Amino acid sequence: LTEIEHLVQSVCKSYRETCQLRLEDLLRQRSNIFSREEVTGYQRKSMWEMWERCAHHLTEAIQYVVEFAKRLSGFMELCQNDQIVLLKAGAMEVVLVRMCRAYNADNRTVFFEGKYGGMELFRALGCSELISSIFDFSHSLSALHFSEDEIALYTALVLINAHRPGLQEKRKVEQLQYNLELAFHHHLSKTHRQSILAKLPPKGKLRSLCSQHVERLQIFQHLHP
Ligand SMILES: Cc1c(C(F)(F)F)nc(-c2ccc(Cl)o2)n1-c1c(Cl)ccc(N2CC(C(=O)O)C2)c1Cl
Ligand SMILES: Cc1c(C(F)(F)F)nc(-c2ccc(Cl)o2)n1-c1c(Cl)ccc(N2CC(C(=O)O)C2)c1Cl
């Protein structure tokens, strides 16, 4: 009951130490929305510049996930090859999940470069379908009203996934996965939140979305290296 409770707190500590922005701030900033003139300003940027901006922000967000993983008890006990495979396959998925905190379902806006703005902010990039999908995903995750501890445990499980192709110690990643699943379950029971298990996105949906994402990202990169 303490080995589990300590694991839960280890994941929560690691998450807290590695998220960029406080939930309190993001909710506070909800009134601070981009003006029409400011939105137009973003829409008038070249695709090259918007891509440079976004790629930079995503590189940063991914770096925090690497840090999150380094502080996850058990992650660093895996062999380096497996660490890398998990990070390569899961970090962007974690970033996508983390972002639901910065998404406002009331007006379908996201916190971006200091203010809240809608889908249309990213028009210069010319991939409305992908962006719209990212917004839809965020919207449905935001309906769950994830707690900070729930985000920590859920994103830990996004990352520690034994089904990633390329693992050399699959059984050891399984052990960490199952311990985290039990920790998640234990924690939801104590908070009377077991209902959210019935409400989580189908695991493939997150893979699917981030595959579409990486597909477009590889197009961006071979356009502007
Ligand atoms: C693995 C890794 C490491 C670490 F910890 F291992 F040094 N640091 C980063 C990192 C920091 C900032 C960014 Cl951006 O990435 N990554 C990392 C990650 Cl988390 C995700 C994807 C990729 N990609 C997609 C490409 C591929 O699929 O080959 C390479 C990489 Cl390199
Ligand atoms: C514009 C874009 C692209 C694309 F299509 F250009 F690749 N991908 C994403 C993305 C989000 C999560 C993942 Cl995973 O990918 N965005 C995007 C979106 Cl839709 C919304 C907000 C933000 N940001 C950076 C800030 C933050 O770090 O919270 C707010 C970004 Cl970068």
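Residue indices begin at 1 and follow the sequence shown. Note: hydrogens, waters and symmetry copies are ignored here, and every other heavy atom, side chains too, is used.
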Cluster link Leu157 to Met76, ILVMFWY, side chain under 4.5 Å: yes
Exercise: identify the closest heavy-atom pair between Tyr15 and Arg98: CD1-NH2, 3.7 Å
Intermediate values then yes/no, side-chain contact (heavy atoms from CB on, under 4.5 Å), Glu77 and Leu176: CA-CA 10 Å; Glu77 284 191 25; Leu176 202 66; over 6 Å; no
Any side-chain heavy-atom pair of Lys45 and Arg53 under 4.5 Å: yes
Pairwise ring pair (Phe, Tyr, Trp, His ring centres under 6.0 Å) hits with a residue in residues 189-209, at least two apart: none
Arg22/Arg28 under side-chain contact (heavy atoms from CB on, under 4.5 Å): CA gap, chis, key distance, verdict: CA-CA 10 Å; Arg22 295 170 59 252; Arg28 169 190 290 111; 4.2 Å; yes
Nearest atoms (heavy-atom pairs only) where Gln43 meets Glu120: NE2-O, 2.9 Å
Atom pair CG/CZ of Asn32 and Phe111 - distance to nearest 0.5 Å: 7.0 Å
Inter-residue atom distance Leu182.CG - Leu7.CG, 0.5 Å rounding: 8.5 Å
Over 12 foreign heavy atoms within 6.0 Å of CD, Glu181: yes
Can you give the donor-acceptor pairs under 3.5 Å from side chains of residues 204-225 to other protein atoms, not counting sequence neighbours?
residue: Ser208; atom: OG; partner: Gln212; partner atom: OE1; Å: 3.2

Heavy-atom pair of closest approach, residues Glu38 and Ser35: OE1-N, 2.7 Å
Straight-line distance of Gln20 CD to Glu60 CD, nearest 0.5 Å: 6.5 Å
Crowding at NE2, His185 (>12 non-hydrogen neighbours, <6.0 Å): no
Reported OH-to-OG distance for the pair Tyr154 and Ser147, which is rounded to 0.5 angstrom: 13.5 Å
Test item: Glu93 side-chain N/O and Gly90 main-chain N/O as donor-acceptor pair under 3.5 Å: no
Name each donor-acceptor pair under 3.5 Å that joins a side chain in residues 61-71 to protein atoms two or more places apart or in another chain, with its distance.
residue: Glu67; atom: OE1; partner: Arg71; partner atom: NH1; Å: 2.7
residue: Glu67; atom: OE2; partner: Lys70; partner atom: NZ; Å: 3.2
residue: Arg71; atom: NE; partner: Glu17; partner atom: OE1; Å: 3.3
residue: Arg71; atom: NH1; partner: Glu67; partner atom: O; Å: 3.4

Side-chain (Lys172) to main-chain (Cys79) donor-acceptor, under 3.5 angstrom: no
Nearest non-hydrogen partners of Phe184 and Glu150, listed with the distance: CE1-O, 4.1 Å
For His186, all residues meeting ring pair (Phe, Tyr, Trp, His ring centres under 6.0 Å), sequence neighbours excluded: none
Main-chain N/O of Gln168 paired to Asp82 side chain as donor or acceptor, under 3.5 Å: yes
Heavy-atom closest contact (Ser73 atom, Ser10 atom, distance): OG-OG, 3.3 Å
Pairwise side-chain contact, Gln175 with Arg171, heavy-atom cut-off 4.5 Å (strictly under): no
Atom NE2 of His57 with >12 non-hydrogen neighbours under 6.0 angstrom: yes
Atom CZ of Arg36: over 12 foreign heavy atoms under 6.0 Å: yes
Please tabulate, one pair per line, all N/O donor-acceptor pairs under 3.5 Å involving side-chain atoms of residues 121-138, not counting sequence neighbours.
residue: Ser133; atom: OG; partner: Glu129; partner atom: O; Å: 3.2
residue: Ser138; atom: OG; partner: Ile134; partner atom: O; Å: 3.2

Shortest non-hydrogen contact from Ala156 toward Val11: CB-CG1, 3.8 Å
Set of side chain to side chain contact (heavy atoms under 4.5 Å, CB included) partners for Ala143, sequence neighbours left out: none
Distance (rounded to the nearest 0.5 Å) between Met50 CE and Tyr42 OH: 7.0 Å
pair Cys12-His187: side-chain heavy atoms closer than 4.5 Å: no
Neighbour count >12 (heavy atoms, 6.0 Å) for atom CE, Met99: yes
Side-chain donor-acceptor pair present, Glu49, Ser46, cut-off under 3.5 Å: no
Distance, nearest 0.5 Å, that separates CG of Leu72 from OG1 of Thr155: 8.0 Å
CZ (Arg108) with more than 12 external heavy atoms under 6.0 Å: no
Hphob cluster co-occupancy, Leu200 + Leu159, side-chain heavy atoms under 4.5 angstrom: yes
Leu26 backbone acceptor or donor facing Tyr116 side chain under 3.5 Å: yes
Side-chain (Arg16) to main-chain (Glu148) donor-acceptor, under 3.5 angstrom: no
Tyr178-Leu153 co-clustered via ILVMFWY side chain contacts under 4.5 Å: no
Trace of the side-chain contact (heavy atoms from CB on, under 4.5 Å) decision for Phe75 with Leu86: CA-CA 10 Å; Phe75 184 87; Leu86 296 172; 4.1 Å; yes
